[PDB]
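Structure, as structure tokens:
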Amino acid sequence: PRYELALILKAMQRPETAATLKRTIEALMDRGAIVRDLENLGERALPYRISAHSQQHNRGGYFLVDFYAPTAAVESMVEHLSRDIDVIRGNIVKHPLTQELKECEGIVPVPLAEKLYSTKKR
Amino acid sequence: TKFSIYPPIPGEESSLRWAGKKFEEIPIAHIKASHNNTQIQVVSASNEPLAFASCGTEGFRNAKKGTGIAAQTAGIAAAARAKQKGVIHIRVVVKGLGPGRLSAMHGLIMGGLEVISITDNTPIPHXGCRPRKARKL
Amino acid sequence: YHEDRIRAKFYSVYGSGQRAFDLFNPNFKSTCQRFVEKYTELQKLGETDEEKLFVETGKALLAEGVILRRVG
Amino acid sequence: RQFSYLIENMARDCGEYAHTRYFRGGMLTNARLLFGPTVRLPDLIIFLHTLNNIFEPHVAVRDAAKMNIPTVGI
Amino acid sequence: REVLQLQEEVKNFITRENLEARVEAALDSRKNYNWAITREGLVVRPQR
Amino acid sequence: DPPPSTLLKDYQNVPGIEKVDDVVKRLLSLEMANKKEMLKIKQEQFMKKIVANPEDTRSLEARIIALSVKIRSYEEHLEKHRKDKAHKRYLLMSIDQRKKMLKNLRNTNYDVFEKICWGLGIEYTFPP
Amino acid sequence: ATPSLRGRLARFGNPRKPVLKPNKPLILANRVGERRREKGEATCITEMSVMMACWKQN
Amino acid sequence: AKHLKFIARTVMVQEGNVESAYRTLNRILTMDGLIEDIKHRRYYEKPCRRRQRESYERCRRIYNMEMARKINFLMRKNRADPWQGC
Amino acid sequence: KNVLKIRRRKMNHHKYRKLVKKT
Amino acid sequence: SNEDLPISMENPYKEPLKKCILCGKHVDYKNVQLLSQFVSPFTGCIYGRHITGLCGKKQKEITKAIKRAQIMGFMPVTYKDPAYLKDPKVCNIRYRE
RNA sequence: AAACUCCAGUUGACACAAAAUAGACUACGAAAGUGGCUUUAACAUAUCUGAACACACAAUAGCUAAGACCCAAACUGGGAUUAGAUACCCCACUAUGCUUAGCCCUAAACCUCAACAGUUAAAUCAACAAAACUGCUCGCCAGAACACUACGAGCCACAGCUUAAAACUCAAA
Ligand SMILES: [K+]
Ligand SMILES: [Mg+2]
Ligand SMILES: [Mg+2]
Ligand SMILES: [Mg+2]
Ligand SMILES: [Mg+2]
Ligand SMILES: [Mg+2]
Ligand SMILES: [Mg+2]
Ligand SMILES: [Mg+2]
Ligand SMILES: [Mg+2]
Ligand SMILES: [Mg+2]
Ligand SMILES: [Mg+2]
Ligand SMILES: [Mg+2]
Ligand SMILES: [Mg+2]
Ligand SMILES: [Mg+2]
Ligand SMILES: [Mg+2]
Ligand SMILES: [Mg+2]
Ligand SMILES: [Mg+2]
Ligand SMILES: [Mg+2]
Ligand SMILES: [Mg+2]
Ligand SMILES: [Mg+2]
Ligand SMILES: [Mg+2]
Ligand SMILES: [Mg+2]
Ligand SMILES: [Mg+2]
Ligand SMILES: [Mg+2]
Ligand SMILES: [Mg+2]
Ligand SMILES: [Mg+2]
Ligand SMILES: [Mg+2]
Ligand SMILES: [Mg+2]
Ligand SMILES: [Mg+2]
Ligand SMILES: [Mg+2]
Ligand SMILES: [Mg+2]
Ligand SMILES: [Mg+2]
Ligand SMILES: [Mg+2]
Ligand SMILES: [Mg+2]
């Protein structure tokens with residue numbers, strides 16, 4: 002079904018980052034995925050230090066990859082992202098828009114529990 | 058401006074100064090208040106040791122070390138050796154919930170040092186090593 | 065009661081007015097009660113639309129000098 | 149306690165008796181000991197308030213039933 | 155209705171043709187998922 | 066197994082789906098769906114092969130066919146996960162429940178019982 | 002707001018395992034706990050330490 | 002070890018009043034439950050014992066919050082006797 | 128309830144295990 | 046008979062059911078600014094529903110979203126993001142008093 | 001006191017271990033169990049009850065074979081306490097707790113409160129505990145101790161488990 006790849010890339014120059022995004026997308030297409038949209042949330046300092054491929058990363062660029070792939074394509078893509086040295090962190094999750102939020106009527110007050118003990122005169 | 062209890066961010070620009078030194082350049086006074094002993098070490102911003110003191114190095118041994126007055130004695134001594142190297146303002150990073158958690162900080166104040174920030178860095182594992190078994194007291 | 069729906073709508077749109085209730089008087093008629101009486105009379109004409117009937121009832125009290133300050 | 153003053157005055161005006169104070173135990177069931185061997189118990193008890201100050205049934209309500217004394221209670 | 159809606163969306167998707175151009179477009183544009191909530195339920199947008 | 070190019074059960078009857086782009090057809094196929102949606106087509110295939118009225122979902126034949134599809138999934142699920150104890154009990158209860166359904170169907174409608182066994186490849190055995 | 006007590010205790014109606022196992026019935030008493038006296042602590046230790054420090058020096 | 006330092010659980014001392022800052026830091030740790038967490042982590046609490054302690058605290062919280070509500074509810078009756086002598 | 132019944136089985140089981148271990 | 050007898054109805058004065066501040070709004074693990082509004086500014090501890098005031102459904106959503114963001118490099122764990130320290134205050138908690 | 005001093009404090013690198021806060025939530029699973037994150041598969045039955053001759057599971061501890069080493073820790077060693085201390089306190093360390101495969105089949109496996117369908121009326125009801133009952137079915141129980149035992153039988157179990165007596169004894173338990 003529809004997935005979302007929370008992709009955090011190493012802070013590099015424009016030609017290097019652009020090559021990395023294309024290379025990552027081609028990996029999905031090589032595994033039967035149908036890429037929907039490529040989003041750019043910007044680049045900000047990582048909340049905590051991340052070590053990957055014997056490299057210490059303090060900053061990284063944020064990107065989101067939306068694609069349609071079979072269930073078996075999810076496992077293969079995770080293995081691919083680990084071997085990529087330019088990817089700080091890559092996680093594959095369900096697209097939050099696929100899930101439909103059920104309408105909420107509100108908040109029902111909870112009455113105090115009653116008849117928890119016998120009415121005998123202790 | 059109104060005082061803010063939150064420390065200034067090193068990346069951001071702040072107008073707060075202490076003797077011409079910014080918050081990131083203030084030497085740090087780490088305090089390790091264990092249940093039986095208190096170890097105080099003062100280091101500068103570049104992780105350069107400046108002064109170190111403890112109850113065991115200030116005429117207290119065995120159960121006497123695990124007392125507030127013993128920690129206070131170490132705090133005064135730690136301030137004295139730090140003050141020789143030009144330390145005036147310190148940032149306190151207290152670790153542990155021992156009896157000398159606050160008294161050791163008092164020794165630094167009475168020794169001629171100024172406290173500008175207090176930080177607690179007690180190690181709390183988030184699930185980690187299984188601690189020792191309960192005592193059958 | 066049937067008029068309780070009218071009171072709920074009146075308190076929702078206008079709210080309690082500056083006039084104070086006097087429960088001592090057995091024949092006391094509040095602004096909300098006066099609104100209900102006009103609402104009942106205009107209903108007997110043949111109006112069956114709640115929205116149209118509600119607005120017309122408010123206009124009648126305004127023509128009679130009743131102050132009707134809405135919450136908005 | 150709010151209407152204790154009123155009830156006592158009403159009883160005096162109509163020539164009847166009122167007990168608006170704390171009800172000592174045995175005023176009805178053990179009346180022959182508290183007052184005397186020849187005491188006469190009330191032939192009718194009227195409760196203007198059937199609950200005590202802890203929101204529980206008045207003791208005299210149960211006691212009057214024991215002494216086969218009819219009760220009129222609000 | 156959903157099939158018709160979904161059919162139109164594919165016309166502006168990423169394929170092996172619109173790969174380089176779409177990558178460069180992302181590197182120039184930005185987005186802000188982050189938003190805040192008040193005590194009244196009002197949504198506050200980040201002004202950047 | 067149904068071909069991986071087969072559309073979903075919900076979208077198999079929408080008009081004009083034969084003239085949509087091949088990209089949309091791939092999305093609406095079984096390839097871009099989970100395993101449960103595949104079982105719907107598998108159950109539907111038998112619901113028309115065997116049941117005289119495929120639209121009746123409360124008949125004994127529909128229940129056996131629906132339960133048979135679940136039993137097949139557990140066998141596939143336990144094939145990959147040999148130490149999954151939770152599904153092993155579910156497999157063993159579903160097998161026992163199907164036999165109870167087979168017993169009731171055989172004792173009331175024997176002619177359809179032959180068709181159910183033939184269609185699903187079920188060899189009914191009397192208990193020891 | 003008081004935590005709910007619906008389904009917490011093991012009862013006849015409750016199908017689930019109990020959430021709370023109170024050693025006493027959850028019924029409000031007619032009395033509250035008496036005020037607890039503050040534990041005694043050593044006082045004027047700082048002043049004593051300063052006074053005794055000069056004695057060692059003098 | 003991998004987060005930025007001098008941000009978490011840091012209190013700035015105002016005008017050299019270290020006593021107020023330390024109490025503020027102590028209260029923040031207590032409110033977030035860090036102080037109570039550290040003490041119970043000194044010696045391992047077995048899962049059977051932890052559930053018994055949690056159930057006791059949860060039952061304690063229910064009684065404490067219910068009794069507190071009644072005290073506030075009846076506090077308006079703490080006035081003087083309006084029917085003195087009756 | 129007291130554990131008097133359990134204690135009797137506790138001692139019987141303990142002596143049985145020692146007897147089994149002994150012989 | 047008598048037309049003044051009470052009739053059977055639902056409560057017309059029944060106020061609408063109260064809703065949490067996040068009712069009807071999506072919660073996303075990438076929405077760090079929203080998530081940081083429900084953690085302590087000094088420890089990063091996730092506030093309880095008695096503090097945030099959220100309902101049961103959104104309290105679970107925020108907790109799940111925070112945990113996902115922390116492991117995926119979107120939300121700091123030990124502290125609250127300083128850039129979000131100036132957000133509107135929606136948690137009923139006071140430290141300095 | 002012993003131990004350590006190849007130590008401690010600050011900083012950086014850095015798991016086959018364990019999962020703060022949320023959780024004042026009360027959800028899931030047949031029970032046992034289940035509370036870090038992601039993905040896959042997936043949570044039996046369109047009447048109910050029903051196998052202690054059946055099948056599939058069953059916390060922890062333990063056996064078997066190959067690995068992992070942080071911490072905790074039977075036994076053991078050292079230090080102390082004590083009339084003695086084969087314990088409680090302190091320190092060091094092993095089996096073990098983890099992973100893979102195969103076993104073992106026990107628990108206060110207890111929410112000691114059977115499954116389904118109902119009722120809140122009468123006599124509500126020994127006591128206490130967690131109010132009293134109806135219909136139906138299955139399992140189980142008939143004084144205490146001997147006895148979670150002997151013998152027989154079955155079991156990958158061999159110091160084991162399951163099933164389970166008798167004689168003598170007591171007038172109580
Ligand atoms: K955790
Ligand atoms: Mg359940
Ligand atoms: Mg008890
Ligand atoms: Mg108290
Ligand atoms: Mg780490
Ligand atoms: Mg007892
Ligand atoms: Mg014996
Ligand atoms: Mg020594
Ligand atoms: Mg270190
Ligand atoms: Mg683990
Ligand atoms: Mg685990
Ligand atoms: Mg907790
Ligand atoms: Mg998970
Ligand atoms: Mg999962
Ligand atoms: Mg089920
Ligand atoms: Mg059955
Ligand atoms: Mg087992
Ligand atoms: Mg084991
Ligand atoms: Mg052996
Ligand atoms: Mg081994
Ligand atoms: Mg160790
Ligand atoms: Mg050894
Ligand atoms: Mg020894
Ligand atoms: Mg070991
Ligand atoms: Mg259990
Ligand atoms: Mg039992
Ligand atoms: Mg049964
Ligand atoms: Mg029932
Ligand atoms: Mg009784
Ligand atoms: Mg046994
Ligand atoms: Mg035996
Ligand atoms: Mg025999
Ligand atoms: Mg034998
Ligand atoms: Mg058994």
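As given, the protein sequences belong to chains U, V, W, B, L, X, A, F, H and P, one line each in that order.
Start counting the first sequence at 2; every next residue gets the next number (the UniProt record's numbering).
Start counting the second sequence at 58; every next residue gets the next number (the UniProt record's numbering).
Start counting the third sequence at 65; every next residue gets the next number (the UniProt record's numbering).
Start counting the fourth sequence at 149; every next residue gets the next number (the UniProt record's numbering).
Start counting the fifth sequence at 155; every next residue gets the next number (the UniProt record's numbering).
Start counting the sixth sequence at 66; every next residue gets the next number (the UniProt record's numbering).
Start counting the seventh sequence at 2; every next residue gets the next number (the UniProt record's numbering).
Start counting the eighth sequence at 2; every next residue gets the next number (the UniProt record's numbering).
Start counting the ninth sequence at 128; every next residue gets the next number (the UniProt record's numbering).
Start counting the tenth sequence at 46; every next residue gets the next number (the UniProt record's numbering).
Cβ coordinates follow ideal geometry from the N, Cα and C atoms, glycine included.
{"Check": "Could you spell out the range, first to last residue, of the beta strand (DSSP E) harbouring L10 (chain U)?", "Outcome": "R3 to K11"}
{"Check": "Could you pull out every unbroken alpha helix (DSSP H) segment of at least 4 residues lying fully inside the region 29 to 88 of chain U, listed in chain order?", "Outcome": "73 to 84"}
{"Check": "Pick out the complete alpha helix (DSSP H) segments inside the region 51 to 114 of chain P, 4 residues or longer, and give them in chain order.", "Outcome": "77 to 81 and 94 to 97"}
{"Check": "Rounded to the nearest angstrom, what separates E48 (chain P) and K116 (chain W) at their Cα positions?", "Outcome": "26 Å"}
{"Check": "Quick one: residues in its chain with C-beta nearer than 6 Å to the C-beta of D67 (chain U), no 5 flanking neighbours on either side, listed in chain order?", "Outcome": "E5, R37 and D38"}
{"Check": "Would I175 (chain V) count as contacting chain P if we go by Cβ distances under 8 Å?", "Outcome": "no"}
{"Check": "List, in chain order, every chain V residue whose beta-carbon is nearer than 7 Å to that of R43 (chain F).", "Outcome": "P188"}
{"Check": "With C-beta atoms as the reference, is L125 (chain X) less than 8 Å away from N169 (chain X)?", "Outcome": "yes"}
{"Check": "If you count every other CB in all the chains shown that lies within 10 Å of the CB of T58 (chain V), and 16 or more means buried, which is it?", "Outcome": "exposed"}
{"Check": "Between which two residues does the beta strand (DSSP E) holding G221 (chain B) run?", "Outcome": "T219 to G221"}
{"Check": "For chain L, find out if any of its Cβ atoms is closer than 8 Å to the Cβ of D86 (chain X); answer yes or no.", "Outcome": "yes"}
{"Check": "Look up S174 (chain V) in the DSSP assignment and give the residues it is bridged to.", "Outcome": "V:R148 and F:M13"}
{"Check": "Taking DSSP as the reference, what is the three-state secondary structure of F117 (chain V)?", "Outcome": "coil"}
{"Check": "Among F:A22, F:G17 and F:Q53, which residue has its Cα nearest to the Cα of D177 (chain V)?", "Outcome": "F:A22"}
{"Check": "Which residues in chain U have a C-beta closer than 7 Å to the C-beta of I28 (chain A)? List them in chain order.", "Outcome": "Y118"}
{"Check": "Given this structure, state the Cα-to-Cα distance separating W84 (chain F) from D86 (chain W), to the nearest angstrom.", "Outcome": "27 Å"}
{"Check": "For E171 (chain V), which option in V:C186, V:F109, V:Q98 and V:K140 has the closest C-alpha, if you only look at C-alpha atoms?", "Outcome": "V:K140"}
{"Check": "Any idea what DSSP makes of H87 (chain V), helix, strand or coil?", "Outcome": "strand"}
{"Check": "If you draw a straight line from the alpha carbon of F195 (chain B) to that of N178 (chain B), how long is it in whole angstroms?", "Outcome": "20 Å"}
{"Check": "Below 8 Å on the Cβ atoms is my guess for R69 (chain W) versus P57 (chain P); work out the distance and round it to an integer in Å.", "Outcome": "5 Å"}
{"Check": "For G132 (chain V), which of V:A120, V:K190 and V:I147 has the nearest alpha-carbon?", "Outcome": "V:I147"}
{"Check": "Alpha carbon to alpha carbon, how far is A7 (chain U) from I93 (chain U)? Give it in angstroms, no decimals.", "Outcome": "7 Å"}
{"Check": "What do you get for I26 (chain U), buried or exposed, if any count of 16 or more other CB atoms within 10 angstroms of its CB means buried?", "Outcome": "buried"}
{"Check": "What does DSSP give as the partner residues of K95 (chain U) in its beta bridges?", "Outcome": "U:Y4"}
{"Check": "Could you run through the region 153 to 174 of chain X and flag, in chain order, every residue whose CB is less than 7 Å away from some CB of chain U?", "Outcome": "none"}
{"Check": "Just checking: is the beta-carbon of residue 1 (chain F) within a distance shorter than 8 Å of some beta-carbon in chain P?", "Outcome": "A question about residue 1 (chain F) goes unanswered here, because the residues of chain F that appear run from 2 up to 87."}
{"Check": "Kindly say whether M97 (chain X), judged by its beta-carbon, lies nearer than 8 Å to any beta-carbon of chain U.", "Outcome": "yes"}
{"Check": "Alpha carbon to alpha carbon, what distance is there between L10 (chain A) and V151 (chain V)?", "Outcome": "43 Å"}
{"Check": "Measure the beta-carbon distance from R134 (chain W) to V77 (chain W) and round it to whole angstroms, keeping in mind my assumption that it falls under 8 Å.", "Outcome": "6 Å"}
{"Check": "What residue ranges within the region 3 to 58 of chain A form continuous alpha helix (DSSP H) runs of no fewer than 4 residues, ordered along the chain?", "Outcome": "46 to 58"}
{"Check": "Using the beta-carbon of each residue, which ones in chain A are nearer than 8 Å to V111 (chain U)?", "Outcome": "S5 and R7"}
{"Check": "Taking C-beta pairs closer than 7 Å, name the residues in chain F that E171 (chain V) reaches, listed in chain order.", "Outcome": "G17"}
{"Check": "Below 9 Å on C-beta distance, what does residue 163 (chain P) contact in chain W?", "Outcome": "The question about residue 163 (chain P) has no answer, for chain P in this structure spans 46 to 142."}
{"Check": "Identify each residue in the region 71 to 86 of chain P for which the Cβ-Cβ distance to at least one residue of chain L is less than 8 Å, and report them in chain order.", "Outcome": "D73, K75, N76, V77, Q78, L79 and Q82"}
{"Check": "Considering only the alpha carbon of each residue, which of F:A9, F:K3 and F:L5 lies closest to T179 (chain V)?", "Outcome": "F:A9"}
{"Check": "Closest Cβ-Cβ distance between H163 (chain V) and chain A: below 8 Å?", "Outcome": "yes"}
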